[PDB]
Structure formats: C-alpha cells, structure tokens
Amino acid sequence: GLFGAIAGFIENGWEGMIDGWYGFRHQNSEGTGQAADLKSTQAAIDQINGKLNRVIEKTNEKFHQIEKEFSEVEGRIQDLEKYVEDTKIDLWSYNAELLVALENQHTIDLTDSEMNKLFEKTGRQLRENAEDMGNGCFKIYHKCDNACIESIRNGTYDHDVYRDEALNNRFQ
Amino acid sequence: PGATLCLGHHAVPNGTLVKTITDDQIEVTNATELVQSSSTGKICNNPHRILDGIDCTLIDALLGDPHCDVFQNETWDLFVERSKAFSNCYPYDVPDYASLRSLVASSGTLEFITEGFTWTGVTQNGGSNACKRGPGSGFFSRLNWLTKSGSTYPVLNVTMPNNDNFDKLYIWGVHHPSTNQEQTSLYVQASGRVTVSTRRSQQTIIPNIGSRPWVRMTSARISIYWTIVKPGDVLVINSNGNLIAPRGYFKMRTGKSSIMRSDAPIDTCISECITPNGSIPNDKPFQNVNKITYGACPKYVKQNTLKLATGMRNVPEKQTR
Ligand SMILES: *[C@@H]1O[C@H](CO)[C@@H](O[C@@H]2O[C@H](CO)[C@@H](O[C@@H]3O[C@H](CO)[C@@H](O)[C@H](O)[C@@H]3O)[C@H](O)[C@H]2NC(C)=O)[C@H](O)[C@H]1NC(C)=O
Ligand SMILES: *[C@@H]1O[C@H](CO)[C@@H](O[C@@H]2O[C@H](CO)[C@@H](O[C@@H]3O[C@H](CO)[C@@H](O)[C@H](O)[C@@H]3O)[C@H](O)[C@H]2NC(C)=O)[C@H](O)[C@H]1NC(C)=O
Ligand SMILES: CC(=O)N[C@H]1[C@H]([C@H](O)[C@H](O)CO)O[C@@](O[C@@H]2[C@@H](O)[C@H](O)O[C@H](CO)[C@@H]2O)(C(=O)O)C[C@@H]1O
Ligand SMILES: *[C@@H]1O[C@H](CO)[C@@H](O[C@@H]2O[C@H](CO)[C@@H](O)[C@H](O)[C@H]2NC(C)=O)[C@H](O)[C@H]1NC(C)=O
Ligand SMILES: *[C@@H]1O[C@H](CO)[C@@H](O)[C@H](O)[C@H]1NC(C)=O
C-alpha cells in the first residue's frame, strides 16, 4: 500500500485479534495483553460499507429490447443486432473489470491508511516519553502499568505526568 | 524497566484473492461476489404477469389458431414462448414476422373488438380441413375467408373509420392458391388483388398462384399483413379476389410488456429479474447467466466471477513450516 504500514513496517497481522481490525499489544511489569481500537476499525468498516452500497445500487430496469438469438440466417439486420449486443457486453465487461480493480486498490490503500493514522496518532500522544522502534512498536520509557496502557488506548494519557521520568531514562 | 506498545491489525486463516490495479491476484481478509452466476431454473410467477404460451406462439394466438383459442383477449407483462409450440391451422407466412411479433408482444394484449364489416356479394366464413375446429373444417378465429357467391365475386370496397381515441391494429391477409383452377373456382377472376389503405399509407398485394410445400393437407398459403389506423383516420379495403378479411381490430397499448423464448417452468416465488434460464436475484450489479433478460436485472458481463475486496490486505505470520 501507499502508506507502507500493512505488509510494510508492520511485519504481519494478528490472527488472535477477533474483536477488531486494528488494535494494541503491550508488554509491561504486569504482563502482556491485547485490545482492539474501535475508532480506526469503525472508520475502515464505514468506508468499505459506503463503497459496497454505492456499487450494489440498483440502476438497470429493462423491458422490451431487441432479440439476441436467432433461428434463421438473415444477413445485414441480424449482423447489426448481434454487433450492437456484442459491443454493449464488451463495454459493460470492461466497466466491471475496471471498477473492481480501482475499488480494490483503493480499499487496500484506505485500510493501510487507517493503520498509519492510528500509529501516528499514538506517537503524537506519547510526545517525548516513547521512541518509534520501526516495526509498529513504541518503546515507552517509564512505569506504564495496566491503567496507564488503557489511558493510552482511550485517549486520556497525560504525557506531562511521566515526562521527567521518561526524559531521564532516554538520555544517558 | 519500561514498556512496549505495539500497533497492529488483524489477519485471518482463510483469505480471498482479488484483483487490483497492480496485481492480478492478491490476498485480502474478505471479499464479496459482484456477478450473479446461478439461477433456480424457474420463472417466478410474481411480480410480473407471466403468460405461458404452452403450445402456442404469440402470432398463432393473435390469428386465432383453434388450439390457441384459450388465449383470446389475454394480457401479459411477459409472454413466454416454448420450444414445443406448433401451428395447426391453414399454413401461412408473415412477411416481417419479427416486427409483428415484436409490436404485439410490446403492446401486451390480444383484446379484440369485432366490427360490422359488410361484404356485399361474397360468401363469408370459409374454412379448411387444414384448420379443424371441433370435428369439421374451420379457420383462424380473427380472420374471415371470403369466396364467391353464386358465380360472381364483385369488387369489394368497404370502409371503417376510427372515431375512437386509440390506435386500432388490423390483421388481414391474402390467399395464394396452388393452381389456376383453384383461383377461378374460389374468386372467379383469374388474378386477384388486395389493397388496404389509410389516408397516409397503402399496401397492395397481388397473389401468386403455385404450389408451396404440402403442409396439413394443402399446398396453398395465406400471407398475413397488418395496418394500424390512428384516431381520425379511416381504413379502406378494396379487393376483387383473394382477400382474407379482418373481423375487427386489436386494441394497442404501450407499457412494459415483452416476449421471451424459454422452456423454464413457472413457479410460486417473487423475482424482479427474469432470464430464459429462470429468475435470478438482482442484489448484485452484474450477471453472467444470460444476455437475454426482463425486469430489474444485473447487467450482463462476460466474467463468471468478480470479487470486490471487503477487507484489508491479509498478512499471516510466516511460519517455519
Ligand atoms: C465475508 O464476506 C462474505 C461475503 O462474500 C460474508 O458471507 C455472507 O454473509 C451474509 C451475512 O451473514 C450471508 O447472508 C445471510 O445468509 C443466511 C443463510 O444463508 C440468510 O438466512 C440471511 O438472511 C443472510 O442473507 C451470506 O450467505 C454469506 N455469503 C455466502 C457466500 O454464503 C461474510 O459474512 C463476511 N465475513 C465477515 C467476517 O464479515
Ligand atoms: C369505395 O368506398 C369509399 C369509402 O366510402 C368511397 O370513398 C368516398 O367517396 C366519396 C365521393 O364519391 C367521398 O365524399 C366526399 O366527402 C367530402 C367530405 O369529406 C364531401 O364534402 C364531398 O362532397 C364528397 O362527397 C368520401 O369522402 C369517400 N370516403 C372516404 C372514406 O374517403 C369510394 O368512392 C368508393 N368507390 C367506389 C368506386 O365504390
Ligand atoms: C372456403 C373453401 O373453399 N374451402 C375449401 C378448401 C379450399 O378451397 C382450399 O384450401 C384452397 O387452397 O379446400 C378443402 O378441400 C381440399 C381439396 O380441394 C383438396 O384437393 O384436397 C385437400 C385434402 O387433401 C382439401 O381437403 C379443404 O381445405 O378442406 C375444402 C374446403 O371446403
Ligand atoms: C443459461 O442458458 C444459456 C443459453 O442456453 C446457457 O449457455 C448456452 O449453453 C449452450 C449449451 O450448453 C452452449 O452451447 C452455449 O455456449 C450457450 N448458448 C448461448 C446462446 O450463449 C448458459 O450456460 C445457461 N447458464 C446458466 C447459469 O444456467
Ligand atoms: C374481448 O373483449 C371485448 C371488449 O371488452 C368483447 O367485446 C369481446 O366479446 C371479448 N371476447 C372474449 C372472448 O373475451
């Protein structure tokens, strides 16, 4: 993808995460754990639902048309009838091929984008109290107990509280 | 003693291959099918009025072949013609058969209104053993075979004005005897003629005497023609022999009616979209079932499958296995 997160700097996805599309894994003093991020997950799902509903939007109702199969050889009129239908079918087949190709490239790029947005959002939250390891993980330079982790995940982490502790641990 | 906070995304054990701008196949977590490729094999009887022709073509129902009498005054959204259909009346051709079939199919009705044509000095209601109705000879119910009375067939010259506010469709014909003896025996004059006209247009047909292939006891033929008469116009029919006269007109309508060739059985269900293979769902935007369709239908395409990605790129953990 265009943002380089999914199948890029994040080595792989997690089969264990069954309750969300994007989320968090942590290691601290109290152990390890996992939680889905609902906001990023919902933004991707909403965009994909949106495009699905636009694509399956019913627009075609036809009644009496031309004949398309013929029991007799007739020449010129029938040549034209068949050519008209064959032309139509090819143009529609092309539109169908192009549509899915564009839609799917975009779906891959927007899902890659949502991963990247979450990562960048988390980086900005942690200010000077963490460093980007380069594989989707931040090294957090302070005592971050379970309540502190949850605070990062629900957007309530005050970086100022831990800054001095973290700044000291980072700069030797 | 710090902490690690890793960002990630899900993956699934069973992904799906999709196509993109850059990849002909690449794996995502899920996808949905956009091409309807199957049918039940049955034509749903709702919401469209389906008329099963059974043993009858629309044209035979129109003309009134006796085994098609059940179709008198019928209406339809979709008339279904079966491959077992057969003709069983006087052998006939229709120059521009396809156009007559089309315009009737599209009108959606066989409503017929009898009119009091006066055919002075001829015998009416001719029939043939080629077209049995009960045990004796008969003919197309909507046509009137005129022949000589005594030893004369005068110049017929009749009129029917359209003083209604709708278009009238008249079906008429011309008889082509197999021999000169038959011609003179039936119509007196050695060469007949039929001229049917409105203010705007006219058609003149000269019969051709000669054998055609023997069909149901006869080497003669009837040719079928049609004339539409608009409000305020008038039909004039002029003939000195060989006229197969109309008994009245069909009412024309405009709307959503059509005709389809199919052997699929009709069943109790609801489907907006009809193909010759049967009804198909219309939840997907495309279909590969049949280019011939009726109703609110996915568009026909050549691909039998097209997958729209409904998830992210599926990246499983590599394994040493
Ligand atoms: C991944 O995408 C597929 C579509 O390719 C999803 O499978 C489809 O899921 C829907 C909704 O659960 C199924 O429709 C339902 O089917 C049941 C029983 O057949 C019916 O009673 C319901 O009224 C409803 O129409 C659909 O059948 C199924 N697709 C197929 C081919 O079977 C799937 O849910 C998606 N996966 C995830 C994790 O979202
Ligand atoms: C064969 O039958 C047709 C149909 O009836 C005959 O046509 C009619 O001919 C008369 C005159 O001979 C036309 O009358 C004229 O009408 C105008 C007003 O429209 C009137 O002001 C004139 O004084 C005149 O009388 C009549 O319109 C016409 N009918 C139609 C429907 O056109 C025809 O004459 C017959 N021919 C033979 C040889 O039998
Ligand atoms: C209205 C009339 O004249 N009806 C006749 C009919 C026609 O004259 C004929 O179809 C014109 O082409 O002919 C019918 O009798 C036929 C015999 O004349 C013919 O030689 O043999 C046929 C049987 O192989 C046939 O039956 C008819 O079609 O039934 C007699 C009818 O009254
Ligand atoms: C629906 O019916 C069509 C038309 O009969 C099927 O395609 C035809 O199948 C015949 C016989 O096997 C082939 O020889 C031709 O290639 C096809 N004919 C035409 C005119 O295209 C089609 O397979 C059916 N599809 C489904 C899903 O039932
Ligand atoms: C067909 O409909 C017309 C007009 O309503 C009527 O005069 C005629 O008798 C009908 N015939 C049959 C067989 O239904």
# chains A, B, ... in the order shown; residues from 1 in each chain; ligands from 1
$ select_by_dssp --residues "region 25-272 of chain B" --states "helix (DSSP H, G or I)" --output "PyMOL selection string"
chain B and resi 58-63+66-71+97-107+180-187
$ closest_atom_pairs --of "chain B" --to "ligand 4" --cutoff "12 Å" --atoms "only C-alpha atoms and all ligand atoms" --output "JSON lines"
{"residue": "B:35", "atom": "CA", "partner": "ligand 4", "partner_atom_place_in_ligand_line": "27 (C)", "distance": 11.1}
{"residue": "B:36", "atom": "CA", "partner": "ligand 4", "partner_atom_place_in_ligand_line": "27 (C)", "distance": 8.7}
{"residue": "B:37", "atom": "CA", "partner": "ligand 4", "partner_atom_place_in_ligand_line": "27 (C)", "distance": 5.5}
{"residue": "B:38", "atom": "CA", "partner": "ligand 4", "partner_atom_place_in_ligand_line": "27 (C)", "distance": 4.7}
{"residue": "B:39", "atom": "CA", "partner": "ligand 4", "partner_atom_place_in_ligand_line": "27 (C)", "distance": 6.0}
{"residue": "B:40", "atom": "CA", "partner": "ligand 4", "partner_atom_place_in_ligand_line": "28 (O)", "distance": 8.6}
{"residue": "B:41", "atom": "CA", "partner": "ligand 4", "partner_atom_place_in_ligand_line": "28 (O)", "distance": 7.2}
{"residue": "B:42", "atom": "CA", "partner": "ligand 4", "partner_atom_place_in_ligand_line": "28 (O)", "distance": 10.6}
{"residue": "B:261", "atom": "CA", "partner": "ligand 4", "partner_atom_place_in_ligand_line": "5 (O)", "distance": 10.4}
{"residue": "B:262", "atom": "CA", "partner": "ligand 4", "partner_atom_place_in_ligand_line": "5 (O)", "distance": 9.0}
{"residue": "B:263", "atom": "CA", "partner": "ligand 4", "partner_atom_place_in_ligand_line": "5 (O)", "distance": 10.0}
{"residue": "B:264", "atom": "CA", "partner": "ligand 4", "partner_atom_place_in_ligand_line": "2 (O)", "distance": 10.1}
{"residue": "B:274", "atom": "CA", "partner": "ligand 4", "partner_atom_place_in_ligand_line": "1 (C)", "distance": 11.5}
{"residue": "B:275", "atom": "CA", "partner": "ligand 4", "partner_atom_place_in_ligand_line": "1 (C)", "distance": 8.0}
{"residue": "B:276", "atom": "CA", "partner": "ligand 4", "partner_atom_place_in_ligand_line": "2 (O)", "distance": 6.6}
{"residue": "B:277", "atom": "CA", "partner": "ligand 4", "partner_atom_place_in_ligand_line": "1 (C)", "distance": 4.8}
{"residue": "B:278", "atom": "CA", "partner": "ligand 4", "partner_atom_place_in_ligand_line": "28 (O)", "distance": 8.0}
{"residue": "B:279", "atom": "CA", "partner": "ligand 4", "partner_atom_place_in_ligand_line": "28 (O)", "distance": 10.3}
{"residue": "B:280", "atom": "CA", "partner": "ligand 4", "partner_atom_place_in_ligand_line": "27 (C)", "distance": 9.6}
{"residue": "B:287", "atom": "CA", "partner": "ligand 4", "partner_atom_place_in_ligand_line": "27 (C)", "distance": 9.3}
{"residue": "B:288", "atom": "CA", "partner": "ligand 4", "partner_atom_place_in_ligand_line": "27 (C)", "distance": 7.0}
{"residue": "B:289", "atom": "CA", "partner": "ligand 4", "partner_atom_place_in_ligand_line": "27 (C)", "distance": 4.5}
{"residue": "B:290", "atom": "CA", "partner": "ligand 4", "partner_atom_place_in_ligand_line": "1 (C)", "distance": 5.6}
{"residue": "B:291", "atom": "CA", "partner": "ligand 4", "partner_atom_place_in_ligand_line": "21 (O)", "distance": 7.9}
{"residue": "B:292", "atom": "CA", "partner": "ligand 4", "partner_atom_place_in_ligand_line": "4 (C)", "distance": 8.9}
{"residue": "B:293", "atom": "CA", "partner": "ligand 4", "partner_atom_place_in_ligand_line": "1 (C)", "distance": 11.0}
{"residue": "B:300", "atom": "CA", "partner": "ligand 4", "partner_atom_place_in_ligand_line": "21 (O)", "distance": 11.6}
{"residue": "B:301", "atom": "CA", "partner": "ligand 4", "partner_atom_place_in_ligand_line": "21 (O)", "distance": 11.9}
{"residue": "B:302", "atom": "CA", "partner": "ligand 4", "partner_atom_place_in_ligand_line": "21 (O)", "distance": 10.5}
{"residue": "B:304", "atom": "CA", "partner": "ligand 4", "partner_atom_place_in_ligand_line": "27 (C)", "distance": 9.3}
$ interface_residues --of "chain A" --to "chain B" --cutoff "6 Å" --atoms "only C-alpha atoms" --output "PyMOL selection string"
chain A and resi 12-15+17+21-28+56+60-64+89+93+100-101+104-105+108+111+136-143
$ write_last_selection --atoms "N, CA and C atoms" --output "compact mmCIF listing (two decimals), in the first residue's frame"
# COMPACT_ATOMS: atom_id res chain seq x y z
N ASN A 12 3.41 -8.34 10.05
CA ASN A 12 2.23 -9.13 9.76
C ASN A 12 1.05 -8.74 10.62
N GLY A 13 -0.10 -9.31 10.28
CA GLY A 13 -1.34 -9.14 11.06
C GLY A 13 -1.47 -10.17 12.17
N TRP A 14 -2.45 -9.98 13.04
CA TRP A 14 -2.66 -10.85 14.19
C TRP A 14 -3.93 -11.67 14.01
N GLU A 15 -3.78 -12.98 13.83
CA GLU A 15 -4.95 -13.87 13.78
C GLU A 15 -5.73 -13.94 15.09
N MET A 17 -6.51 -11.41 17.03
CA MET A 17 -7.42 -10.29 17.21
C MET A 17 -8.74 -10.48 16.47
N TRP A 21 -10.30 -4.74 13.86
CA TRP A 21 -9.45 -4.79 12.68
C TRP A 21 -8.07 -4.25 12.97
N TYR A 22 -8.00 -3.22 13.81
CA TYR A 22 -6.76 -2.61 14.27
C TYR A 22 -6.78 -2.63 15.79
N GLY A 23 -5.60 -2.60 16.40
CA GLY A 23 -5.51 -2.51 17.85
C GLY A 23 -4.12 -2.53 18.45
N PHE A 24 -4.06 -2.89 19.73
CA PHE A 24 -2.86 -2.71 20.55
C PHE A 24 -2.41 -4.01 21.21
N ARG A 25 -1.11 -4.27 21.17
CA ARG A 25 -0.47 -5.26 22.04
C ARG A 25 0.59 -4.57 22.91
N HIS A 26 0.69 -4.98 24.17
CA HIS A 26 1.64 -4.38 25.11
C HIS A 26 2.36 -5.40 25.97
N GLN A 27 3.59 -5.06 26.37
CA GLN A 27 4.32 -5.74 27.43
C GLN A 27 4.69 -4.70 28.49
N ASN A 28 4.32 -4.96 29.75
CA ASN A 28 4.73 -4.12 30.89
C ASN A 28 5.09 -5.01 32.09
N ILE A 56 -23.55 -1.76 -5.29
CA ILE A 56 -24.77 -2.57 -5.46
C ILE A 56 -26.07 -1.76 -5.59
N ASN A 60 -30.70 -0.53 -13.18
CA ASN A 60 -30.94 -1.11 -14.50
C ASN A 60 -32.27 -1.85 -14.49
N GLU A 61 -33.26 -1.30 -15.19
CA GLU A 61 -34.55 -1.95 -15.40
C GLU A 61 -34.95 -1.84 -16.87
N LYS A 62 -35.02 -2.98 -17.56
CA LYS A 62 -35.29 -3.03 -18.99
C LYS A 62 -36.45 -3.97 -19.27
N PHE A 63 -37.25 -3.64 -20.26
CA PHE A 63 -38.42 -4.42 -20.58
C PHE A 63 -38.31 -4.99 -21.98
N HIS A 64 -39.08 -4.49 -22.95
CA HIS A 64 -38.92 -4.93 -24.32
C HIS A 64 -37.62 -4.38 -24.92
N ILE A 89 -21.97 -5.62 -24.45
CA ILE A 89 -21.47 -6.61 -23.48
C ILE A 89 -19.99 -6.36 -23.19
N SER A 93 -18.47 -5.36 -19.66
CA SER A 93 -17.48 -6.26 -19.09
C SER A 93 -16.22 -5.47 -18.69
N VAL A 100 -13.73 -3.02 -10.29
CA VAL A 100 -13.23 -3.81 -9.17
C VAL A 100 -11.75 -3.53 -8.95
N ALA A 101 -10.99 -3.42 -10.03
CA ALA A 101 -9.56 -3.10 -9.91
C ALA A 101 -9.34 -1.78 -9.15
N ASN A 104 -10.59 -2.03 -5.45
CA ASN A 104 -9.78 -2.91 -4.60
C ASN A 104 -8.43 -2.30 -4.27
N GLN A 105 -7.79 -1.65 -5.24
CA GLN A 105 -6.58 -0.86 -4.98
C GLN A 105 -6.86 0.19 -3.89
N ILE A 108 -7.43 -1.45 -0.32
CA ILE A 108 -6.13 -1.78 0.23
C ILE A 108 -5.41 -0.50 0.73
N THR A 111 -7.24 1.00 3.97
CA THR A 111 -7.03 0.21 5.17
C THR A 111 -5.60 0.37 5.69
N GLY A 136 6.28 -0.95 14.11
CA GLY A 136 4.96 -0.71 14.67
C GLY A 136 4.89 -0.63 16.18
N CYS A 137 6.03 -0.77 16.86
CA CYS A 137 6.07 -0.75 18.33
C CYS A 137 6.80 0.49 18.87
N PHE A 138 6.22 1.09 19.91
CA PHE A 138 6.90 2.12 20.68
C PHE A 138 7.55 1.51 21.92
N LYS A 139 8.81 1.86 22.16
CA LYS A 139 9.43 1.65 23.47
C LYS A 139 9.02 2.82 24.37
N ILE A 140 8.29 2.54 25.43
CA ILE A 140 7.84 3.53 26.39
C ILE A 140 8.82 3.51 27.56
N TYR A 141 9.41 4.67 27.85
CA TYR A 141 10.50 4.77 28.83
C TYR A 141 10.02 5.16 30.24
N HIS A 142 9.03 4.44 30.77
CA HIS A 142 8.57 4.65 32.15
C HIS A 142 7.69 3.50 32.64
N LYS A 143 7.39 3.50 33.93
CA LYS A 143 6.47 2.54 34.52
C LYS A 143 5.10 2.81 33.93
$ residues_near_ligand --ligand "ligand 2" --cutoff "12 Å" --atoms "only C-alpha atoms and all ligand atoms" --output "count of residues only"
25
$ residues_around --residues "residue 19 (chain A)" --least-positions-apart "5" --cutoff "10 Å" --atoms "only C-alpha atoms" --output "list in words"
residues 35, 36, 37, 38 and 41 of chain A; 10 of chain B
$ write_last_selection --atoms "N, CA, C and O atoms" --output "PDB file, in the first residue's frame"
ATOM      1  N   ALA A  35      -5.876  -5.395  22.932  1.00  0.00           N
ATOM      2  CA  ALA A  35      -7.187  -4.750  22.814  1.00  0.00           C
ATOM      3  C   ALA A  35      -7.391  -4.132  21.429  1.00  0.00           C
ATOM      4  O   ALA A  35      -6.490  -3.510  20.867  1.00  0.00           O
ATOM      5  N   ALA A  36      -8.592  -4.312  20.897  1.00  0.00           N
ATOM      6  CA  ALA A  36      -9.000  -3.684  19.652  1.00  0.00           C
ATOM      7  C   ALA A  36      -9.174  -2.180  19.835  1.00  0.00           C
ATOM      8  O   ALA A  36      -9.640  -1.748  20.868  1.00  0.00           O
ATOM      9  N   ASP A  37      -8.784  -1.396  18.835  1.00  0.00           N
ATOM     10  CA  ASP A  37      -9.168   0.015  18.736  1.00  0.00           C
ATOM     11  C   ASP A  37     -10.445   0.092  17.900  1.00  0.00           C
ATOM     12  O   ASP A  37     -10.453  -0.275  16.727  1.00  0.00           O
ATOM     13  N   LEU A  38     -11.508   0.586  18.514  1.00  0.00           N
ATOM     14  CA  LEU A  38     -12.833   0.616  17.902  1.00  0.00           C
ATOM     15  C   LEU A  38     -12.944   1.720  16.844  1.00  0.00           C
ATOM     16  O   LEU A  38     -13.589   1.526  15.824  1.00  0.00           O
ATOM     17  N   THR A  41     -11.077   0.843  13.482  1.00  0.00           N
ATOM     18  CA  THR A  41     -11.822  -0.285  12.949  1.00  0.00           C
ATOM     19  C   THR A  41     -13.128   0.173  12.311  1.00  0.00           C
ATOM     20  O   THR A  41     -13.461  -0.257  11.214  1.00  0.00           O
TER      21      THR A  41
ATOM     22  N   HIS B  10      -5.549  -7.012  12.192  1.00  0.00           N
ATOM     23  CA  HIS B  10      -5.898  -8.421  12.166  1.00  0.00           C
ATOM     24  C   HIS B  10      -5.423  -9.100  10.891  1.00  0.00           C
ATOM     25  O   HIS B  10      -4.996  -8.461   9.931  1.00  0.00           O
TER      26      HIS B  10
END
$ residues_near_ligand --ligand "ligand 3" --cutoff "6 Å" --atoms "only C-alpha atoms and all ligand atoms" --output "ChimeraX atom specification"
/B:126-130,177,217,220
$ residues_near_ligand --ligand "ligand 5" --cutoff "6 Å" --atoms "only C-alpha atoms and all ligand atoms" --output "list in words"
residues 72, 73, 111, 112 and 113 of chain B
$ select_by_dssp --residues "region 25-171 of chain A" --states "strand (DSSP E or B)" --output "list in words"
residues 25, 26, 27, 28, 31, 32, 33, 34, 35, 36, 37, 61, 62, 130, 131, 132, 137, 138, 139 and 140 of chain A
$ atom_distance --atom1 "atom 37 (C, counted along the ligand's line) of ligand 1" --atom2 "CA of residue 29 (chain B)"
8.5 Å
$ residues_around --residues "region 90-95 of chain B" --least-positions-apart "5" --cutoff "7 Å" --atoms "only C-alpha atoms" --output "PyMOL selection string"
chain B and resi 130-131+215+221-225
$ residues_around --residues "region 139-149 of chain B" --least-positions-apart "3" --cutoff "8 Å" --atoms "only C-alpha atoms" --output "number ranges by chain"
B: 62-66, 69, 89-90, 121-128, 131-133, 152-153, 171-172, 186-188, 241-248
$ closest_atom_pairs --of "chain A" --to "ligand 1" --cutoff "12 Å" --atoms "only C-alpha atoms and all ligand atoms" --output "tab-separated table"
residue	atom	partner	partner_atom_place_in_ligand_line	distance
A:18	CA	ligand 1	38 (C)	9.4
A:19	CA	ligand 1	38 (C)	10.4
A:20	CA	ligand 1	38 (C)	10.5
A:21	CA	ligand 1	38 (C)	10.4
A:45	CA	ligand 1	39 (O)	9.8
A:48	CA	ligand 1	39 (O)	11.3
A:49	CA	ligand 1	39 (O)	10.9
A:52	CA	ligand 1	4 (C)	11.2
$ residues_around --residues "residue 74 (chain A)" --least-positions-apart "6" --cutoff "12 Å" --atoms "only C-alpha atoms" --output "MDAnalysis selection string"
(chainID A and resid 80:82) or (chainID B and resid 96 98)
$ atom_distance --atom1 "CA of residue 6 (chain A)" --atom2 "CA of residue 134 (chain A)"
13.0 Å
$ atom_distance --atom1 "CA of residue 30 (chain A)" --atom2 "CA of residue 9 (chain A)"
27.4 Å
$ decode --residues "region 78-104 of chain B" --atoms "N, CA and C atoms" --output "mmCIF file, in the first residue's frame"
data_model
loop_
_atom_site.group_PDB
_atom_site.id
_atom_site.type_symbol
_atom_site.label_atom_id
_atom_site.label_comp_id
_atom_site.auth_asym_id
_atom_site.auth_seq_id
_atom_site.Cartn_x
_atom_site.Cartn_y
_atom_site.Cartn_z
ATOM 1 N N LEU B 78 -45.034 -10.490 -19.565
ATOM 2 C CA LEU B 78 -44.087 -11.289 -20.329
ATOM 3 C C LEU B 78 -44.795 -12.501 -20.885
ATOM 4 N N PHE B 79 -44.880 -12.573 -22.208
ATOM 5 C CA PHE B 79 -45.378 -13.758 -22.909
ATOM 6 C C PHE B 79 -44.199 -14.704 -23.091
ATOM 7 N N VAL B 80 -44.380 -15.950 -22.679
ATOM 8 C CA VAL B 80 -43.324 -16.963 -22.755
ATOM 9 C C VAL B 80 -43.639 -17.971 -23.861
ATOM 10 N N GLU B 81 -42.771 -18.042 -24.863
ATOM 11 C CA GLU B 81 -42.940 -18.977 -25.978
ATOM 12 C C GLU B 81 -42.081 -20.197 -25.713
ATOM 13 N N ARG B 82 -42.659 -21.378 -25.864
ATOM 14 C CA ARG B 82 -41.995 -22.653 -25.578
ATOM 15 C C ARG B 82 -41.499 -23.296 -26.852
ATOM 16 N N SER B 83 -40.443 -24.104 -26.739
ATOM 17 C CA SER B 83 -39.881 -24.772 -27.909
ATOM 18 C C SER B 83 -40.796 -25.875 -28.469
ATOM 19 N N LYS B 84 -41.733 -26.380 -27.677
ATOM 20 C CA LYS B 84 -42.745 -27.326 -28.171
ATOM 21 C C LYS B 84 -43.931 -26.715 -28.960
ATOM 22 N N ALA B 85 -43.975 -25.395 -29.139
ATOM 23 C CA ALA B 85 -45.136 -24.763 -29.774
ATOM 24 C C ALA B 85 -45.298 -25.273 -31.189
ATOM 25 N N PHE B 86 -46.540 -25.375 -31.655
ATOM 26 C CA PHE B 86 -46.796 -25.803 -33.028
ATOM 27 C C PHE B 86 -47.983 -25.040 -33.592
ATOM 28 N N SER B 87 -47.996 -24.900 -34.905
ATOM 29 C CA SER B 87 -49.139 -24.379 -35.649
ATOM 30 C C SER B 87 -50.009 -25.535 -36.088
ATOM 31 N N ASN B 88 -51.319 -25.331 -36.118
ATOM 32 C CA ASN B 88 -52.262 -26.365 -36.516
ATOM 33 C C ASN B 88 -53.486 -25.826 -37.283
ATOM 34 N N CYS B 89 -53.261 -24.862 -38.163
ATOM 35 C CA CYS B 89 -54.332 -24.222 -38.926
ATOM 36 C C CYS B 89 -53.872 -24.087 -40.381
ATOM 37 N N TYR B 90 -54.425 -23.154 -41.149
ATOM 38 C CA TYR B 90 -54.024 -23.014 -42.555
ATOM 39 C C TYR B 90 -52.554 -22.573 -42.609
ATOM 40 N N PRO B 91 -51.739 -23.191 -43.480
ATOM 41 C CA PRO B 91 -50.354 -22.764 -43.474
ATOM 42 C C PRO B 91 -50.235 -21.308 -43.965
ATOM 43 N N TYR B 92 -49.379 -20.551 -43.299
ATOM 44 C CA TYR B 92 -49.270 -19.129 -43.549
ATOM 45 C C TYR B 92 -47.831 -18.672 -43.418
ATOM 46 N N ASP B 93 -47.525 -17.531 -44.015
ATOM 47 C CA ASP B 93 -46.305 -16.806 -43.693
ATOM 48 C C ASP B 93 -46.669 -15.373 -43.330
ATOM 49 N N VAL B 94 -45.777 -14.715 -42.611
ATOM 50 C CA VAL B 94 -45.910 -13.307 -42.296
ATOM 51 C C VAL B 94 -44.651 -12.617 -42.774
ATOM 52 N N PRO B 95 -44.730 -11.870 -43.891
ATOM 53 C CA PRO B 95 -43.573 -11.034 -44.244
ATOM 54 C C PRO B 95 -43.302 -10.083 -43.075
ATOM 55 N N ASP B 96 -42.072 -9.971 -42.664
ATOM 56 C CA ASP B 96 -41.782 -9.218 -41.434
ATOM 57 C C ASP B 96 -42.488 -9.785 -40.173
ATOM 58 N N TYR B 97 -42.555 -11.115 -40.087
ATOM 59 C CA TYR B 97 -42.973 -11.842 -38.882
ATOM 60 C C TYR B 97 -42.370 -11.227 -37.612
ATOM 61 N N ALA B 98 -41.072 -10.970 -37.632
ATOM 62 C CA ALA B 98 -40.392 -10.498 -36.421
ATOM 63 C C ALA B 98 -40.961 -9.154 -35.922
ATOM 64 N N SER B 99 -41.309 -8.253 -36.836
ATOM 65 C CA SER B 99 -41.894 -6.973 -36.455
ATOM 66 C C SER B 99 -43.305 -7.107 -35.898
ATOM 67 N N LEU B 100 -44.137 -7.936 -36.508
ATOM 68 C CA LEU B 100 -45.490 -8.145 -35.994
ATOM 69 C C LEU B 100 -45.440 -8.768 -34.598
ATOM 70 N N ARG B 101 -44.633 -9.818 -34.434
ATOM 71 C CA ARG B 101 -44.419 -10.419 -33.119
ATOM 72 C C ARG B 101 -43.952 -9.381 -32.100
ATOM 73 N N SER B 102 -43.006 -8.529 -32.492
ATOM 74 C CA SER B 102 -42.471 -7.521 -31.587
ATOM 75 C C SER B 102 -43.514 -6.486 -31.155
ATOM 76 N N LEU B 103 -44.267 -5.944 -32.110
ATOM 77 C CA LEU B 103 -45.199 -4.878 -31.797
ATOM 78 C C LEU B 103 -46.375 -5.430 -30.947
ATOM 79 N N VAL B 104 -46.822 -6.653 -31.222
ATOM 80 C CA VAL B 104 -47.856 -7.255 -30.388
ATOM 81 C C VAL B 104 -47.296 -7.561 -28.994
#
